[PDB]
Structure formats: structure tokens, C-alpha cells
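Reading through the C-alpha cells given below for one structure.
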Amino acid sequence: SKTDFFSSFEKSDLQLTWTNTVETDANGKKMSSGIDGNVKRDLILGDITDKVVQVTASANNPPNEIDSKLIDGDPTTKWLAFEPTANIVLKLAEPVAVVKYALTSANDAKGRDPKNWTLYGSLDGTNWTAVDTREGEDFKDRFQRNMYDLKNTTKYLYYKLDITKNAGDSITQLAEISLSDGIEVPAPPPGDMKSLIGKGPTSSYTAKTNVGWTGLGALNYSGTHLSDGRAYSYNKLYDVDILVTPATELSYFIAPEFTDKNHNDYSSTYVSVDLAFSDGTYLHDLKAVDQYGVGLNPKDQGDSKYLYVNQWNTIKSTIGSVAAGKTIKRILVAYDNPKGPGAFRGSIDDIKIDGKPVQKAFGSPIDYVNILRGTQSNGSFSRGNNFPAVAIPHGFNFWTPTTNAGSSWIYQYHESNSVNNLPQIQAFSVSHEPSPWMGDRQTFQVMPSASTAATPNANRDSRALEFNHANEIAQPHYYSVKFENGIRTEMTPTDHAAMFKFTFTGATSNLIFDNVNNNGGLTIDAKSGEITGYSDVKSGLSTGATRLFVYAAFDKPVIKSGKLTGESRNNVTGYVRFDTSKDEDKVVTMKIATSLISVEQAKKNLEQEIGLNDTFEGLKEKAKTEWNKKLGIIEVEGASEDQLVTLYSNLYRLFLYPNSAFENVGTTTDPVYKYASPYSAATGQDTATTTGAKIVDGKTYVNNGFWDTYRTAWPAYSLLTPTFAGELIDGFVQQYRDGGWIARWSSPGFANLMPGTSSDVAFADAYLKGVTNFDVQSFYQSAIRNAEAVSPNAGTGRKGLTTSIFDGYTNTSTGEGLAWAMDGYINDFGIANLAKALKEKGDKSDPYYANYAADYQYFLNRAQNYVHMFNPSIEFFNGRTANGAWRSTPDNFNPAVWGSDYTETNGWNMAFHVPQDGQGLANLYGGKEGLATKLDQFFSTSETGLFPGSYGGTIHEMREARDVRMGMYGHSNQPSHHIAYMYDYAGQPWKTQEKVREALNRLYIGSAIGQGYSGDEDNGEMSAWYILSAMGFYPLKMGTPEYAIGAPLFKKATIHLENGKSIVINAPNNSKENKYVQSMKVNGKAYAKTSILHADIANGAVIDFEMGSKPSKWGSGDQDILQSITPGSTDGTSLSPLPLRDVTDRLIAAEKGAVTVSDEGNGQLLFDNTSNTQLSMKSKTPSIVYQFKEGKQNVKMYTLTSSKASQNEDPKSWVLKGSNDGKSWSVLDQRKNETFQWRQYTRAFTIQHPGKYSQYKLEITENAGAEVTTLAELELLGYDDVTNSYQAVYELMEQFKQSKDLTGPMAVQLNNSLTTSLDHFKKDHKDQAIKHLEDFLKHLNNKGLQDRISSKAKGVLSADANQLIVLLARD
Ligand SMILES: OC[C@@H]1[C@@H](O)[C@H](O)[C@H](O)c2nccn21
Ligand SMILES: OC[C@@H]1[C@@H](O)[C@H](O)[C@H](O)c2nccn21
Ligand SMILES: [Ca+2]
Ligand SMILES: [Ca+2]
Ligand SMILES: [Ca+2]
Ligand SMILES: [Ca+2]
Ligand SMILES: [Ca+2]
């Protein structure tokens, strides 16, 4: 007998042996329980409709208004045909004598209702006996059901409703048909689970509905799970005789569907293909496993959560492993689910059994790369939302097929398939799209055509050419498609150019040129066989995008040529025609290059990169080589095929962005680099052949949202490609030197989207890791501009800075102000560490040098300002209104609700937004244990996607987050990406290990069918998450050169570093299940810590993980956790310490402070916490005095914010003085010859001789030249009196004495030591105050006294004492 079997459930395939039929056991008992297959419906007397197994109408209106809709029991779904007449054929399971039927009219357009019809009956389906005629029928209402009786005792297997006249329209429609046999059943029995050949998915996020995976047919299953507990049904499909061999693979495609309004019932995933063997055993009893390791049985399919609902899923199982030598007697479909009630529905297509499968071979990393990942994905549900980008790493152009030539939605894997269910290309495009949301720009289009008409038609629909994915090769360096009609197109990239081979079958062959829309030009010089063009195409968010120029040449004479018309694209549509009658002329080659400078430059770009000697194959090899140099930085052992696809495709995505936007205007020997600026104003107007944009010397790179890429991609560069990273960074620093700012979202200029200015942290982070090959000085300037200087541009700097730099938080007056705020504090963390590093560098030629020290202090403080956005009443980060009040209170708050404060997520997902200081974050939650409790709750509460909040309706990010099914964890999007690693701060690293492994395992699947990710990939970010996590470490603390340890994915990984050394990562015992770190070594030596320095791996290292299947305590020690700014000893403090703040804040209004100016101006404008108010003081030489009415203030720093007015009015030299009486002043700080290069720009100064004073005076000794002196704001940055903290501890100690948590000599000794400490503090004896607090701690740990304190009390009092020491040390 045979070893192979295949069904696509087509017309041409074998029909099912049984339909809707349950398999029976050895005893003849149905293998089903608690199931109802019947569709829910309004039943008529003797309703028989459930025996209809097939309905076929003469014409249809796919995707939604097809014959299928006639028996689905929903009046809301209809069949429609664009015809005045038609016939519907109903095939029944068994012959029945129909004696009654009902038609139901549809939703609208009464004229389309049937009016005259005949019902026929048949035995064979070709010879028809009339059984009822109706004429002149009327349906008064929409959704109206008419009932019809007839005499008939003849059992028939087919019924035809022949609709001979409708109600006058040229279109016909009907919502529902029901048939009846006239026999009463007062109690309709449950029917068997449905299993029948149908049209495929009735709903799908990402695929074409009502077609198969391939072809027009599939197997459809559905039913109702009635039971509270287990329900199942194993149904037989096909009678076969198939011998299984050791190598036999079973594969299939399954598309489970949601049957509920809420898209929360996952029942449809509890399904698999099953086999009945001749020996009386079933595949579901053997330990067959899929490509993910999941049992190939229904229960394990559903429990393991690898099947996505409303999407197609590829499944593959080597049943040979477990069933070699058995014979398959029947193929089954099985549903089996432990819990309900619920309901399910889905499709299976392409059940294949292959006795001798051929495995794919791979010669090098690039052979693993599928550039189609992220294309069975759209705006309803993303599996990456990429496009098939062919390019060199970081190339100047992308090249790509498009199935939608008007759109930034460039290529659909399945969604836009033809009536024959094949994809259609409409063009090959030059592209610069960073994402579909940002949109495409600078595009240009060609399409081959075998048209013989006088003129090739340039209409998108009519020129489109169908193809099969099996005939398409899609790689970074090579794309190839063979179309159904015999044409082949192949392309390969250069940096600025590309080569295409068009191979034809006919005598007359054409290339059609076109564009996304009419905003460009085409010039065809037929005589020299050249194309010339320009493109102004640019999406809404393509801010600063300039004109692109195109040049192209052919290897064959062009015989006919010209402009085309009729598409409303007359500026861009034309063609060239070639004589390809002779065999050696059947392939035509086009060489094509692009420029943002000029047509002349496009020409020069082409000559530089495609010499006369270059061939298609030579260029392809050059591109393959450039990709392998990137892909082969990482080499792993033990990986499956699926893992290597994911790994190497991830590395491709990582290096696809960002992109060169500069050109070589000199020669290959002597390069001269220049770019057209999307950053500053155009020099002048464009011409057809030359750009008007400013031509700027040097390099630049583009296409990057820092809100995405800072998390993973940028640190990936700094680790994997240190040297190139610096060239990339400098190309972004260029944006500062040119346009004044570094882009927040470069697309290619300053596009306005997403919160934060994370170039700050990304580039700071890179520098501190030893990527020093860029203009750090300018970078720094751009960072402080982001951090200190209000932006006039919508697309640059930090929104809400007007108030936020003074308030310590960003208020709800800025959209998603919380989001701006939290990312602000992380950026400040990086700016601060860089300032420290530049201080230590000591470059005295840096004009800014004297200022680094101060900036470190000020910025490290700002990094801790997260406290100002932590709402203590709900224990979540939360917005504040302008007046200071929390947005939410316990009564109204819901952490499940998306939006408002929370960009593209909910409060849950922003609960942990403090990667720069985990201990500080833990403290807000009560300590490490409190942090862990919060995370646990996060990971065990399911995201339902039902809470859109401010988004109004469902956005795709919500569906994706829902389908992660890791509690609330939104791995589908960037703002959650740090969360799994936060367990390293809580001292539970095993939970990080668990979550990271689930993420790597389940959320990067489906590559083979154009899926591959759990949501939008975003310019390398989702990819680098996987690459870094799989190595076993992760840059959690962006802005400081070290990683948090997770666990490696592979038995071995090597990172070949550019300096010739290796990072080897050994985990010989690694496996799907062995996910937990048991112990760890670095360089032969046992390693205890869950952090590792970049400086320890960058010069090579050997890392050994002992992996096992059970959690361990490795890395849970108090000094083994990730360290923070906040000391570990403070864990669990009852105090709420603050970093530097402006101690004048809010005093004036509460009358606890006031201000006087030497000229009697309103000095309140200098302390109102807004740079939108300034004071002009009528003197070159004014004085401001701030008076604290409630005692001495410990001020460490102060800030001056330049005004909006001219720079000449600025302070320039000054003295800050302190006093206690107002008569006698001490000199605290002196500055000379200061400047404020920007407007509304804050500068911070470290007071040379600080102390505690009740009165502060700023005495301006010199200004910048004008007759007046103007400022916007002043601040006195200091700390609260430590005394108030001591007080809070006495208070707490009293609470414990009253509860008897603290008694006897322990109470007394603690009291004494604290009091002696306090007394020393008040006499300015800092060292002695600390020493007595150390005594306090010794008491707490006195062995003789443990029966006098509870653990609760000992714990918090310890933490408090240590917190006090910290408060003291900084005082
Ligand atoms: O083109 C027919 C379409 C229908 O498919 C749709 O259901 C609706 O009834 C309608 N109103 C006007 C036109 N149409
Ligand atoms: O594509 C640009 C931005 C991204 O940078 C970001 O990841 C965000 O999730 C998003 N959703 C739609 C568009 N975008
Ligand atoms: Ca099929
Ligand atoms: Ca219907
Ligand atoms: Ca995103
Ligand atoms: Ca203030
Ligand atoms: Ca002000």
C-alpha cells in the first residue's frame, strides 16, 4: 500500500467518505460526549435544515454574501448575486421528503427579493422533478420569513430553489432558507459535531475569508460544547490504507475561529487531525508531537496556546517517531476540551501524509531568512507588519514586490488573493517605508507585461499577475517570482541601485512605469533606451521628505515607448516595449539607481555600484556576502530549523534599519559625502532634475522611532557591531548639527509620533559601552536641549517641558503626559551617566567642561523623579492634572483600561516603568516582596482586549496583547519589554527565566506562512528583543553599561566580536523544559549575580549555565540582585524620601514664602513653575530675594531659565547669597561670563559653599548687554529637613509599642539611640548622628532581645535606620 496522502478538499480532490460523522469504538459506541453540532436557529415545524451538507448558488458576492450564508441561521447574513435570476442547490445528508420550506428576506433593497421560483427535487443532482411553484410573492418587511407548504412523499437528496424572477432589481439576494419534512419533534435531539467540506474560514483577521488556505475548499468543523466539564467528538473523514514509515510527517493548516462577540472563547483551539490505525489504536494515544513539542492531540493543542484564533496556523508532526509500521485505516478530526460551556468553529486545509519528506538544505545563515515574515498581518492583527524588503544592510533604498500599488500596506500574504485564491503582484517598487503606519515615501514602480494591444494597459487591476508562494524566492539579497503566466521577475540590491531580470515568454514584451499616486514624473528617452524620473510621494508622517530622482537603463533596444493615460496618473504612467521574439532576447535586464540630489547623481550612483563588468549573479553574491557578515556574528548549536529561521530572520530585520540617506558625490577612489536635508529648510524650489533641498556635507541615517529602538536595537548594535554603531549614531548626531535636534521619530525628518526623546539614553548607553567613534560633544548638547530647552517644533524635544521641568512630573495637559514623564526620567538617567563619564574624561578643550559635574548631580536626581508620578492611593503610576491632583482615585481607577496616561497599553503595563532604579520602584510597593507580589498579579490577570478606554474602539495592539495570553503582559508592543526582567530586582530570577522562555517559544512563530511575530516588529526592536534574550542577557538598565541575566535559549551560542574575540555561552543541558538556571560560571569561576558588566564580555568571555527543569534559588541573594540608585539596605522603609526638588514649590500661594526684586517687579513670575511667564527687571544689575517663612532650607543646587526675549537681556554674571536675618549675607556661589544659547533653557549649578538659610538672594552683577534683565524661572534645589524623618520613625515605633510588636529593653534602647542620634544631628554632628543609628541597628540585631521585637517591626525599623543614614550622608 501507499505511504503518501494529500487533500486540499477541492473539487478535484476525493470527497469525504463520511460527513458530520463520529468515529465509533471497538464496541460501536460513538466517541463523542456533550456536543451539539446543530447551528442555533429559529426552528420551523419538522425543521430538517441541519441535514443540509452543502449549498451552491449560481452566482455569489464573496467574501461575505455567498450561498453559505443561507443556512447559517442568521437573518443578518445574506447571499447576493449580481444577476436578476439564479438557482440555489441544497445537498442533504440522507434523502428526505421535503413538505415545507421558508425563505427569509435580507436587510435592505426589497427589489432584490425573489418573486417567482420553482423548487425542484433530485436523486442524482442532474434530473429535476418540480415539487412547488410560486409566482408574484411579496416580502413586506426586511428579515421577513415566508412559509410554504407542498404535497410530496418522494425522498430526494438534492433540492434546487430556481429563482426565475426577482422583484425588479438587476441584483438578487436572500438571507435564509430552511427545509422541513413535516414531522414533529417537540424536543430536537443534539446533532453530531459538524465536519464537512466547505469554503473555509467565515471570519479571519489576516486572511481572505470563505476560501481555503489553498484553493476554494477546506474542511469546516463547528459545534456547541454543552458540558460544564469535558466534551469531545472524534469524527472520521476519509477511509484510507496508508503505511507509516519512520520518516512519515503529518501536516495541515488550521484556522480556529472565535464564536463569541467578545473574542474570548478559545474553544476552537482544542482540535487536531487524528488517525485510526488498523491495530485499534489512535494517534491521539501515542506521544506524537508538533514542531513546537506540543502533543498532537486536541487537549494539548488547546492547553499549550500555540494556535492563534482567526488566523491560519501551520502544524507539522513526525508521526514516524511513534507509529512506524502501523497502517492508517481512517483520517479523523477531533475536538476534546476539559471545560465549558462554550462553542467552536474552524477550518482545516491541506492534510498531508508524507512517507519520505525531503528536508530543506542550508549552506549559510542567509539561507534561513524569510523576508515575508510579517506579511500575513495587517491593521486588524499584526504578525509583524513588515514588507518583503530586498536591500543591503542599512541600505539607501528598499526594493519590494507590492500587491497593493496605491498603498503603504505594501504586500498581503493572503488577504488580497484573486478569485482563484492566488496572490497578485501589481508592481515592483523602490520603497523607503519604516512601517505602514509611518507610511511609504520616495517611491517608484515598474510592472512587466506580455500585453500585445497597441498599448499596454496601466490599470492596476488589469495588469496584475497571479503567482503561487511555492514559485517565489524571497531573501534579503534576492527576490524572485515566477508568475502563473510564465513571466519571471528577479531583483538584487546595491546601496543606491539594483538590478532586475525580466524573463518573458512572448515575442512582444513591455515594462509599465507608474507611481503610488500622481505626485512625480517620468521621462522616457526611447532613443538611448533610458528611463528618467522623480518622486515627491510622501505619507502624512513622512515629515521633511524631499524629492527623489530615478535613472534606469536597458540591455535591449526599445522598439516602442510612450506616456500612458486614463489612470489619473498621467505624470507617472508610461511604458517601454522590447522585441523578445528571439530566444537570446527573452530576458531583459534593467539597471536602476535612485538619488535625493539629482538625476545626474542617480546616474553617478549607478556607475559607482554597478560597473560595466558587474552581472546579476555577481551583484547578488556581493549582497549575500554583506548579509552573511551580519548574520554570522551569532552562531548557535542545538537549534531547530524553526529556531534558526527565527534567529536569522531576526538578525536580518535588525540590520535592515536604520538606513543611509547620503550619497557619494565624488568618486569611488576619493569619496565625498553629502545628503539632501529633510532636517532644515529647502535652499529653494525643486526642478525636474535637481533638488531644492539644502545640500549638506557629511553622512546621515534615517528611519527610526527611538521609543521603539532604544530598548533593544540600539544596545544590540553597540554589542554586535560596535564600529558601525558609531557611524550610525554620528549620522543621527548630524540631525542635531543640521536641524537643531535629534529626531524623536525620523521618517526621514522630524516626524511627530510616540512619546519620549530616547536618542538620549540610546546614545549615552552606547558611549558608556565604548562606542566612542562619534561626536559625543554634540550628542550631549542635543540631549540637554531635549532635557532643558523648550521646543518650538511639534516633532522635536520633550512635550510639556514648559511646566514639567519645574513640577517634576508631566501633567495631563500633555497628551499621554505620564508616558512622556516616565521615559523622561530614563533619558535623564542616561544623560546623567554620560555627564559623569565626560567629567572623568577631562577634555579641557570642550567649552562645556566646567558644567559636566553639575549636570551629573542634577540629572541623576531627575532620574529619581518617578516618585512624583506614583499615585500612593492606588499603587500605580498615574497622571496628574495641572493643579497637581491625581487623575484617578481608588473608587474610579481600573488598571485594565487602555489609553489616557498609558500609550498603547493600560495602567498594569506601566506599573514597572522604572528600569533605572528597581530598588526605588520596589520601595514604592513596600520592598522586593511587594514588587514580586505586583508582578505576580500582573502575569496572572488575563488581558481581555475589552477595555479600549480613550481609544474608543478596539485597536490592533489590544487584540495582540490579548493573544499573548501571559496575563497582562503585552509582549506584542514595546512598552512592556522590560517587565519580565524586573523579577531580577525582586530577587526571584526564576520567574524572569520562566517568562522569557515562554516569550521566545510561543511568540515568534509562523515564519513559514508569513507570520513570525506577536505584533508590529518596528525597525528591528521586536527582533533584537529575541536575539538578546536568547543569548541569556538583556540591556534592562539602559544608560548604564551592564545587562540583566535571563536564560539562554540554545545549548550553545557564540558571539564573534569584531575585535576577533568570542562571547561563548554554554548551556549543554538546555532544552524546551530545562528553562531554569541551576548555577552559573563566568570564565571558569562560579558567578552569583543576575547582572553582568559590558566590560566583562566585550573583550571575550566564557559563560556556562547549568540548566534544569525546576526553579532554583540561584541569584536570589540580597547582593545578587540588580543594584539600583536606591541602596538595598532601605528595602521596605516606611519613609518616602525625595531627590532634589525646588523647595520654593507652592510656598508663595500657601503664604509660607515670598519673593522681592530690587526693582519691585512681580517676582512671583520667577517661581510659578512655568517658563511661559518671565520677568523683565529694569536694570543691568538686579537682585532677587526669596524668603522662607518656616525655617532654614538645605539648598544644594539652583537653576536659571532663560526667557523668551532677546539673548542680550539674559543674566551673565551673578552671586547667590544666603542669610538668616536679611541684614547679613554669606556668598554661596559665584558665576561669571555665563550664556544661555537657547530660549526657555534651564541651567543647573552646584552651589560651591551650600548650607541652611531662611533667605536666598540672587545678585546679578552683569547681564548680556541690554538695558533690562529678563528671566523666566528660578529654582532652589534642595532636600527636606531630615528631622521630619526621625519624627516619622518615633511615630512608627509608638505604633509598634501599642501593638506589642516592640517592648521592654528593645523599645528603650532604640528610643535612646535614636534620640542621641537626633541630638547630634541638630548640633551639625553628622558622623555621630550616623554612628548612633548604627547602634540602633546593632540593637535590632541583638540576639538577647529578639523576644522583644516582631519580624515585621525588625524589618521596617532596619530599613528606616538605613534610609536615615542615607538621608544623613547626603545632607
Ligand atoms: O453592491 C451591492 C451592495 C451590497 O453588497 C450591500 O450588502 C448593500 O445591500 C448595498 N447597498 C447598495 C449596494 N450594496
Ligand atoms: O510605526 C510607528 C509607531 C511605532 O514606532 C510604535 O511601535 C507604535 O507601536 C506604533 N503603532 C503604530 C505606529 N507606531
Ligand atoms: Ca483547499
Ligand atoms: Ca443567513
Ligand atoms: Ca509597536
Ligand atoms: Ca519651582
Ligand atoms: Ca515663570
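Chain identifiers are assigned as A, B, and so on, following the order in which chains appear in the C-alpha cells; residues are numbered from 1 within each chain, and ligands are numbered from 1 in order of appearance.
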Legend entry - Near-ligand residues for ligand 7, threshold 12 Å, only C-alpha atoms and all ligand atoms, as a ChimeraX atom specification: /A:802-803,805-807,1162-1176,1200-1204,1240-1242,1270-1275
Inset, instruction - Set the cut-off to 9 Å, count only C-alpha atoms and all ligand atoms, and list whatever residues fall near ligand 5 as an MDAnalysis selection string. - result: chainID A and resid 708 904 957 972:975 1015:1018 1021:1022
Selection from above, N, CA and C atoms, as a short mmCIF file (atom, residue, chain, number, x, y, z; two decimals), in the first residue's frame, can you write it?
```cif
data_model
loop_
_atom_site.label_atom_id
_atom_site.label_comp_id
_atom_site.auth_asym_id
_atom_site.auth_seq_id
_atom_site.Cartn_x
_atom_site.Cartn_y
_atom_site.Cartn_z
N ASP A 708 10.71 52.99 20.20
CA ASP A 708 10.92 51.57 19.96
C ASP A 708 12.38 51.21 20.21
N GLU A 904 -0.70 53.05 24.32
CA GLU A 904 -0.84 51.78 23.62
C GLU A 904 -0.77 50.59 24.59
N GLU A 957 -3.31 46.70 18.66
CA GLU A 957 -2.41 46.40 19.76
C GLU A 957 -3.12 45.67 20.91
N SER A 972 3.43 42.03 22.59
CA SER A 972 3.12 42.49 21.24
C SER A 972 3.56 43.93 20.94
N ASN A 973 3.97 44.67 21.99
CA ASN A 973 4.30 46.08 21.85
C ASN A 973 5.42 46.46 22.81
N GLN A 974 6.13 47.54 22.48
CA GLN A 974 7.43 47.89 23.04
C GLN A 974 7.36 48.28 24.52
N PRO A 975 6.32 48.97 25.04
CA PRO A 975 6.38 49.45 26.42
C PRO A 975 6.36 48.37 27.51
N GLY A 1015 3.29 40.90 17.25
CA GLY A 1015 2.74 42.21 16.89
C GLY A 1015 3.75 42.97 16.05
N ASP A 1016 3.59 44.28 15.89
CA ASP A 1016 4.44 45.02 14.97
C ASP A 1016 5.91 44.87 15.35
N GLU A 1017 6.77 44.66 14.34
CA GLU A 1017 8.19 44.39 14.56
C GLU A 1017 8.94 45.67 14.92
N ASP A 1018 8.64 46.76 14.18
CA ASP A 1018 9.15 48.10 14.46
C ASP A 1018 10.68 48.22 14.38
N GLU A 1021 13.26 46.26 16.56
CA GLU A 1021 13.13 46.23 18.02
C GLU A 1021 12.61 44.85 18.50
N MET A 1022 11.52 44.36 17.89
CA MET A 1022 10.94 43.11 18.35
C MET A 1022 11.96 41.99 18.12
#
```
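If only C-alpha atoms and all ligand atoms are the atoms counted, then among A:615, A:734, A:976, A:625 the closest residue to ligand 2 is A:976.
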Inset, instruction - Tell me which protein, DNA and RNA residues are within 8 Å of range 404-412 of chain A, counting only C-alpha atoms, leaving out same-chain ones fewer than 4 positions away, and put them as a count of residues only. - result: 20
Inset, instruction - Grab me every residue within 7 Å of ligand 1, counting only C-alpha atoms and all ligand atoms, and send it over as a PyMOL selection string. - result: chain A and resi 65+80+108-109
Legend entry - Filtered DSSP result for range 1103-1287 of chain A, state helix (DSSP H, G or I), as a PyMOL selection string: chain A and resi 1128-1130+1147-1150+1163-1166+1207-1209+1283-1287
Inset, instruction - Find the residue from A:947, A:504, A:707, A:858 that sits nearest to ligand 2; use only C-alpha atoms and all ligand atoms when measuring. - result: A:707
